[PDB]
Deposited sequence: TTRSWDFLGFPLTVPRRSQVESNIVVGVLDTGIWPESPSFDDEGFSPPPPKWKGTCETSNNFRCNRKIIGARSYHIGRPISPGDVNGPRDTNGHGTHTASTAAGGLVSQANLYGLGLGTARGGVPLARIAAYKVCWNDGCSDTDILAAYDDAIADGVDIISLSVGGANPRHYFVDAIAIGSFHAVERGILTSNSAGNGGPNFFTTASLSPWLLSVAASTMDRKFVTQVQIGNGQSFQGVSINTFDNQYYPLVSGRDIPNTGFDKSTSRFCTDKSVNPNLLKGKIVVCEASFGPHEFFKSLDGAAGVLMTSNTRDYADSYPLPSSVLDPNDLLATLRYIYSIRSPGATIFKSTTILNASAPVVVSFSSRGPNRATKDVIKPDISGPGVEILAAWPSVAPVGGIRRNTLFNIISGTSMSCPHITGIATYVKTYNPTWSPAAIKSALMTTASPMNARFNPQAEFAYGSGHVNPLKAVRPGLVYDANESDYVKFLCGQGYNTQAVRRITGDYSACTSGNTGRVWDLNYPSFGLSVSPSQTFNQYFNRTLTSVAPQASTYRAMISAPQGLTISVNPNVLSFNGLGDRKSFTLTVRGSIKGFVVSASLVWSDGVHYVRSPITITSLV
């Protein structure tokens, strides 16, 4: 967050409705919260809003304050697992990180052993936080998620941040998250939900409810790298969150130190104890594979460092030993070096950063649509920074497998982009306190910055409407509004659901002719006239009627019909509709797919 907000064009000095923001409550359903974090200090805060009805559990030495005004925990139907501690306290770290990303106060000199040094903060530093612990070492059960929703809605939260999700698609009314969020929506409470980390294949997201704001994860300009310099002077740019100081060590290949009963064929990967523990003590081992902190403890005990490799390095992770993930070619160069001299060595440097001009790009793991339940409703809905985010961390929770002297941690996931969107949606709410969940969501989607389909060919099924743009979302001009009824209304076709985007499923090479009805509501007091601008690939005939709309003022509503005709050869074809009065730009992508 020391860079993400700035990257989004949301500096520390953005305008704010402080009194309103100070009375908004952000509900966070996660692994609980660590109250001692600097991000949750309450100096200067006034008492909890009169509307607040939530309570504060005291188990496990927990104490609420004027910042964290609510703290609950749920663990229905089974005994706790090793590592779990009854109470609302965050012993995992995930909930403290997401909560601080959404509403953490400004914390200067925020860093992880110097990495990412700057001022950390959430979208709404003045907002109150109500934590609901529903995730434990055995996961987050349907029963607890629903328990949290039942209380949160009644307690008075204004918005919900949910960085959790199911692995497989389920029908809305036999899905705890869909059910809870639906009832939250009927009470005017929006839920920002992570899309999932099961990408990059199509059909991997389970955040399918139309009423949910589903969020993908994308990169930012800052990128952590870990330079590795072998003995001959060659320098390779690897990827990892490496906090260890530079140091020269002897180098060794897993291929040349097979463990008992193993041979070069498998020892080259270093996994499953395939490398001789006696031949790698105090050395940097070269492994032709990539793995996590667990494997380090399982097969590499004794090593001074580890060099891994992978074809996918669009995000960095921390490890229990100095390490870096090298590109295959650099791994090959390292091996040639090893066999070019009798005593090879290398130095793994402490991580540094580079500027990636391609950002934002949806990251490899971000879950992709189409919507498995309602294939005509595009998912995910939008993208935000979810790669290498620095935010609050419990001083006792491990980082990369081990305990370290830090109050912050750098991690990636749609669980990191979700709270950025929560912070932004909340900021929008401070300026438009009467808006419905659908309206707030519409604002973020119609002002989202278009992303490059050449860097993410899956297009809308990877990033939805695009990259979130905070300052533009505050005043969208017009919104595609909706309420509980619309989601269960019978007209009830699907192409008539007033959604901020248009989705159509067809067959390849065949011709089609479908139409969508929509209604725009002006959210600005000044009147103006909008004209429609359509951009469609060859082979498609897209038109809107009317193609001009005038709004007389705040709340004025105008309907229109969109007709799409033609055929497609590829799996995904993208087009777009933009309504503009010269001041506002209301963009809705149109996606045609032949995927089944």
### Query
Going from the first residue of the deposited sequence to the last, where are the unmodelled runs?
491-515
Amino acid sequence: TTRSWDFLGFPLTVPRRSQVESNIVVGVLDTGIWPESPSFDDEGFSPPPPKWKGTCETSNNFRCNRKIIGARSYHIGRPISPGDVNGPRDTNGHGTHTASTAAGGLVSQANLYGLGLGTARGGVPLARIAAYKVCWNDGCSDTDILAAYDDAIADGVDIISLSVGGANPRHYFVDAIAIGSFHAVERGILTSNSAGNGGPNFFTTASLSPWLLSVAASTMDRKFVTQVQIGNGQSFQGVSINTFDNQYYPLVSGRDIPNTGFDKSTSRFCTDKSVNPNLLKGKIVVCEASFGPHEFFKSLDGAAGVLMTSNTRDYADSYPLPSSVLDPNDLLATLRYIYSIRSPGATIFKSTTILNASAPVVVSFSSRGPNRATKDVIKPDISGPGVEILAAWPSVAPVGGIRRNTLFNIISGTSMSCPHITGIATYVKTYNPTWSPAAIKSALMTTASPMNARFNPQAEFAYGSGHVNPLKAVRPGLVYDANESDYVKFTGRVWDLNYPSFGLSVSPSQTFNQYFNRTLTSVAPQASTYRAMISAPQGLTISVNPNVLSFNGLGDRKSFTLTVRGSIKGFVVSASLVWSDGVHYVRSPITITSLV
From here on, numbers count along this sequence of modelled residues.
### Selected stretch [higher average CA B-factor]: 127-135 or 162-170
162-170
### Task
Between 115-123 and 338-346, point out the one with the higher average CA B-factor as the PDB entry records it.
338-346
### Query
Which of these has the highest Cα B-factor in the record: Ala459, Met416, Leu251, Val428?
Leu251
### Task
Could you tell me which one of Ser73, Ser351, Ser366, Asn278 shows the highest CA temperature factor in the PDB record?
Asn278
### Query
Looking at the C-alpha B-factor of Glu43, is it in the lowest, middle or highest third of its chain?
highest
### Third of chain Cα B-factors occupied by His97
lowest
### Task
Place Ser192 in the lowest, middle or highest third of its chain's C-alpha B-factors, as listed in the PDB entry.
lowest
### Message
When the deposited Cα B-factors of this chain's modelled residues are ordered and cut into thirds, is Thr31 in the lowest, the middle or the highest one?
### Response
lowest
### Query
Going by the entry, which third of its chain does the Cα temperature factor of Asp175 land in?
middle
